Amino acid sequence: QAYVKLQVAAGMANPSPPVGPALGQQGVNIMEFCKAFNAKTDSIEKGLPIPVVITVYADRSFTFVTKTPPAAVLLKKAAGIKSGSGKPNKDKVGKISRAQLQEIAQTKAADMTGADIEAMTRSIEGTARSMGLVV
Amino acid sequence: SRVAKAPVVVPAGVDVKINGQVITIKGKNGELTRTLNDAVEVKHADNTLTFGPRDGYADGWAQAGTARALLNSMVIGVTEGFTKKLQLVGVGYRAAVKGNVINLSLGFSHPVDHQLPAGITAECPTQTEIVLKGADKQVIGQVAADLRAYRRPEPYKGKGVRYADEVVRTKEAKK
Amino acid sequence: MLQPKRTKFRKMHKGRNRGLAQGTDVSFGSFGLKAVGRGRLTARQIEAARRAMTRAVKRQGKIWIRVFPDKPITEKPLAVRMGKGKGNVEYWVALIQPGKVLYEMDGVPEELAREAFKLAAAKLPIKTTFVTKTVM
Amino acid sequence: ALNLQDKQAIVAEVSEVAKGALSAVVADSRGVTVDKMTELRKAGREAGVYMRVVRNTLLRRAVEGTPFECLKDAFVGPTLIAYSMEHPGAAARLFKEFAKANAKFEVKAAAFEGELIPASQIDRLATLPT
Amino acid sequence: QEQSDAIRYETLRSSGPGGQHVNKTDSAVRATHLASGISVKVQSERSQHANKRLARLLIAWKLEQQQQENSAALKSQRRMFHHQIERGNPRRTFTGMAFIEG
Amino acid sequence: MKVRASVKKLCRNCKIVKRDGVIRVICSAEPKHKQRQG
Amino acid sequence: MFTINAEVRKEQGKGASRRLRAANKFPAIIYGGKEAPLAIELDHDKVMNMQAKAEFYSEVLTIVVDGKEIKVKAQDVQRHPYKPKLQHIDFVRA
RNA sequence: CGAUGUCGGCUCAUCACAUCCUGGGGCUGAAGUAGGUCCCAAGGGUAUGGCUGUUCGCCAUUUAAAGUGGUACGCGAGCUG
RNA sequence: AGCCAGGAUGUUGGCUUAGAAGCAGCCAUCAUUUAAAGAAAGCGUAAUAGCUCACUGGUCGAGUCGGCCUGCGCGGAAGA
Ligand SMILES: [Mg+2]
Ligand SMILES: [Mg+2]
Ligand SMILES: [Mg+2]
Ligand SMILES: [Mg+2]
Ligand SMILES: [Mg+2]
Ligand SMILES: [Mg+2]
Ligand SMILES: [Mg+2]
Ligand SMILES: [Mg+2]
Ligand SMILES: [Mg+2]
Ligand SMILES: [Mg+2]
Ligand SMILES: [Mg+2]
Ligand SMILES: [Mg+2]
Ligand SMILES: [Mg+2]
Ligand SMILES: [Mg+2]
Ligand SMILES: [Mg+2]
Ligand SMILES: [Mg+2]
Ligand SMILES: [Mg+2]
Ligand SMILES: [Mg+2]
Ligand SMILES: [Mg+2]
Ligand SMILES: [Mg+2]
Ligand SMILES: [Mg+2]
Ligand SMILES: [Mg+2]
Ligand SMILES: [Mg+2]
Ligand SMILES: [Mg+2]
Ligand SMILES: [Zn+2]
């Protein structure tokens with residue numbers, strides 16, 4: 001029920017500008033989500049986006065369970081760049097490697113619905129290829 | 001054709017009386033009599049009605065399908081009947097019933113007073129909603145259409161008499 | 001607007017336009033716009049159809065014009081009597097007999113060629129049809 | 001699908017029923033994508049992708065396929081009862097997993113016949129190798 | 001702006017008729033340029049068609065003048081600029097033989 | 001209503017109907033697509 | 001393999017060929033070799049369906065005329081100028 | 001061609017509908033007001049002046065509107081000239 | 001054809017933008033769980049959010065679909 005994922009990098013407490021009214025459409029407050037978010041980000045490093053499920057239940061007591069950091073920012077850390085690629089196929093921005101890709105896919109295995117991590121490594125391979133990153 | 005294939009079952013306590021092209025169906029709700037086109041052959045088979053073309057009639061099957069649908073609606077009407085639910089939208093709009101006359105306040109300078117036919121009975125659970133019940137599907141649809149024609153739902157706010165099931169597409173005044 | 005660069009004579013007899021055409025097979029492209037009807041296409045009409053089909057195919061593939069307007073058509077100016085010599089050449093036409101392949105096209109899919117030829121045929125005075133290369 | 005692809009699919013199910021002895025049944029009248037994804041993840045984390053949820057239980061598709069072996073499954077065709085084969089191991093534990101699947105928010109449409117692989121009854125057999 | 005060729009023709013009788021067939025025939029052509037305000041009336045020929053052609057040329061020519069008085073008023077404005085330059089409060093001041101500042 | 005000699009389906013939801021010997025296009029989605037041959 | 005049933009034309013010429021094409025047939029001729037040419041009439045629809053295939057003009061064809069198989073190849077086809085129709089076909093004995 | 005008198009005005013019209021107004025209606029880039037466009041519709045109605053011989057046109061001021069055409073560009077054995 | 005469900009993961013693809021998250025535009029237009037799902041066909045927003053669609057499976061249970069050639073009709077079609 002209204003389980004919607006719209007947040008930013010954890011480094012910003014009370015991320016009012018980027019998200020704003022969407023996080024406060026219903027009778028939900030702005031403070032409860034931020035306090036839960038920081039409560040979780042105590043246990044991880046700061047600065048990364050973190051997706052969370054949000055059941056806005058009637059008694060004003062929401063159930064939230066979080067996921068892994070986005071593979072987008074994770075492959076951004078892997079490429080050590082900020083901008084991925086524009087007009088990708090004409091000009092190659094950077095080059096990326098299968099084994100470290102497998103290192104990427106092994107750690108996020110628990111959250112992703114994949115048993116053979118080779119499939120998810122092909123998935124992240126295609127993701128990087130579109131991202132402008134030929135492996 | 002394919003509609004005419006399916007026989008119309010007559011439940012318990014539904015007196016069917018075929019006479020040439022005139023069929024009188026009678027149920028707990030009421031009685032409905034309807035004459036069919038000459039091109040239709042209708043026969044009652046011990047619990048059911050079946051329809052087909054008469055030989056020498058070009059549009060036999062289409063007429064038969066129409067007859068099958070009409071008689072099936074007659075069956076449904078005499079057993080449980082049909083109901084249409086209108087519900088007014090807009091400030092100041094309301095409806096009331098006085099026996100068999102719906103009094104409508106739809107933003108007019110005069111009272112709108114819709115008389116009903118014999119078979120249709122109306123009621124208003126609220127001021128906004130009009131639920132009307134009847135045996136004949138065509139008559140109830142026609143009365144609902146008349147009421148909705150009193151004030152057709154506008155496109156800019158959906159204001160007007162609307163069918164509850166109806167979705168009123170809303171337009172925006174672009175500035 | 002096609003027009004002969006030079007002509008050996010400046011004016012031409014009315015003539016007649018009986019008979020079936022000669023360029024009947026698709027010869028250069030893969031698809032063709034064939035004339036079912038009979039008549040004369042002006043240079044303006046040929047240009048208009050060519051523009052429509054070129055724009056429809058997005059300047060992709062290749063298009064042949066298999067008819068060329070080489071018959072000059074004269075008109076007398078408004079408010080002039082019936083004698084006093086032949087009128088001035090105003091435009092050029094190609095006589096079209098039933099069966100004439102008017103335009104050909106390839107390098108495009110068959111459906112795109114059909115769509116382009118439909119838009120082009122809307123600009124022509126004669127009735128047309130869609131044809132394809134036939135082996136033999 | 002033209003007849004050839006249907007023939008490969010029927011050969012596939014015949015091969016799978018030949019290869020694997022045990023199986024389970026499921027009917028998704030109010031089978032949610034969540035429970036379906038969980039039954040897929042169950043098969044995946046236990047073993048390879050061979051395990052499927054294939055809904056090929058027609059009166060002329062699975063009923064045509066079964067006369068090879070497990071002819072007793074021919075009667076099951078009516079009323080949309082699906083299958084989930086299980087190749088390796090003697091009497092794997094995924095029979096009861098559908099019992100929990102029906103327990104947790106399903107209208108009870110599968111009715112858990114169990115197809116009597118050991119020629120048992122329809123009622124659950126909680127006894128399995130451990 | 002080059003106002004579009006949207007001429008509109010109205011063909012009527014001619015002024016200063018001189019004759020029965022003239023009194024009765026409608027041969028003068030009054031042309032009007034829409035979104036301009038230019039209305040001419042050509043009747044300097046025996047027939048409608050010559051007047052209509054002359055009217056096309058004359059609409060062209062009257063827009064050509066409208067252009068000419070427009071550009072000529074711009075000419076006049078540009079010279080008048082040469083007489084309205086106050087040789088005082090400078091917007092900007094440059095010094096020396098090499099314009100050394102701003 | 002568009003009254004035309006050439007009435008066509010303008011989208012998916014346009015439907016050709018012959019009513020009282022007149023070809024008409026009735027569109028549930030778009031009232032602008034309502035057409036009547038004439 | 002394409003097998004084309006044919007009849008020997010009773011009469012020949014312009015009017016006769018018009019009459020065949022009106023009666024949903026069309027003329028054709030088998031020539032080639034030392035045998036004299038054979039003028040045949042063919043059912044138009046059958047042969048139109050056959051020649052829709054591209055191999056109609058490549059493979060060897062069998063014309064059955066008077067209960068006699070003749071091996072040919074389609075040498076040339078006369079098409080109606082603006083209709084999907086066949087006017088005449090040349091077969092060369094194969 | 002042993003004569004079918006022209007323009008305009010006046011008087012008196014009559015018909016058509018491709019409708020200016022009034023009437024009905026669809027769509028609208030139709031909130032309302034006011035519009036735009038199309039469809040139906042010919043019952044009735046549908047300016048006075050200044051200038052010019054004018055028709056027209058421009059202008060002034062009206063009007064619900066100041067329709068478009070046919071009628072020997074209706075109408076001189078009806079008038080004017 | 002109607003009827004029941006899914007229509008997801010990478011991903012909210014990166015930019016330039018004021019913001020762009022399928023739907024402002026440019027390009028790539030791929031890969032994964034695969035009965036099936038387009039870096040998105042349409043609708044929806046400030047951007048989201050959100051509703052259909054593609055496809056797919058389920059029920060029903062005999063025809064169905066659109067191209068071609070053709071006969072005869074229909075609209076297009078207003079005047080004193
Ligand atoms: Mg000659
Ligand atoms: Mg020639
Ligand atoms: Mg003189
Ligand atoms: Mg004259
Ligand atoms: Mg009617
Ligand atoms: Mg019209
Ligand atoms: Mg002859
Ligand atoms: Mg005379
Ligand atoms: Mg006389
Ligand atoms: Mg009208
Ligand atoms: Mg209107
Ligand atoms: Mg009148
Ligand atoms: Mg009248
Ligand atoms: Mg009348
Ligand atoms: Mg009356
Ligand atoms: Mg006249
Ligand atoms: Mg007169
Ligand atoms: Mg008059
Ligand atoms: Mg008189
Ligand atoms: Mg007079
Ligand atoms: Mg007289
Ligand atoms: Mg005088
Ligand atoms: Mg279906
Ligand atoms: Mg017609
Ligand atoms: Zn539409």
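Quick note: numbers below take in every heavy atom, side chains included, and nothing from hydrogens, waters or symmetry partners. Per chain, numbering begins at 1; letters A, B, ... match sequence-line order.
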Check your understanding: Looking at the six-ring of each base, are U19(H) and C20(H) less than 5.5 angstrom apart at the centres and less than 30 degrees apart in plane?
Key ->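 Stacking test on this dinucleotide step: no.
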Check your understanding: Centres under 5.5 Å and planes under 30° for the six-membered rings of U52(H) and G53(H)?
Key -> no
Phosphate-side-chain proximity, [X] and [N], N/O vs OP1/OP2 below 4.0 Å:
X: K87(A); N: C26(I); result: no
X: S123(A); N: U9(I); result: no
X: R55(D); N: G6(I); result: no

Check your understanding: Can you name the salt bridge (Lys or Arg N to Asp or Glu O under 4.0 Å) partners of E103(A), sequence neighbours left out?
Key ->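 Counting only residues at least two positions away or on another chain, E103(A) forms no salt bridge (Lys or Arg N to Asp or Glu O under 4.0 Å).
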Could you tell me whether the side chain of [X] has a donor or acceptor atom within less than 3.5 Å of a complementary atom in the base of [N]?
X: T127(A); N: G10(I); answer: yes
X: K82(A); N: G14(I); answer: no
X: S130(A); N: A28(I); answer: no

Point to revise | Which residue lies more 5' along RNA chain I, comparing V4(A) with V8(A) via nearest heavy atoms | key: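 Whichever sits nearer the 5' end wins; that is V8(A).
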Review point. Under the 6.0 Å and 45° cation-pi test, does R55(D) pair with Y83(D)?
Key: no
Exercise for review: Counting heavy atoms from C-beta on, name the nucleotide in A28(I), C27(H), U55(H) closest to the side chain of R13(E).
Suggested key: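 The answer is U55(H), which lies nearest to the side chain.
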Review point. Would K42(D) and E46(D) pass as an ion pair if we require N to O under 4.0 Å?
Key: no
Review point. Under 4.0 angstrom, heavy atoms only, what part of the nucleic acid is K24(E) near: base, sugar-phosphate, or nothing?
Key: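 Answer is base: heavy atoms of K24(E) come under 4.0 Å of a base.
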Point to revise | Base partner of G38(I), which must satisfy Watson-Crick or wobble distances under 3.5 Å | key: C53(I)
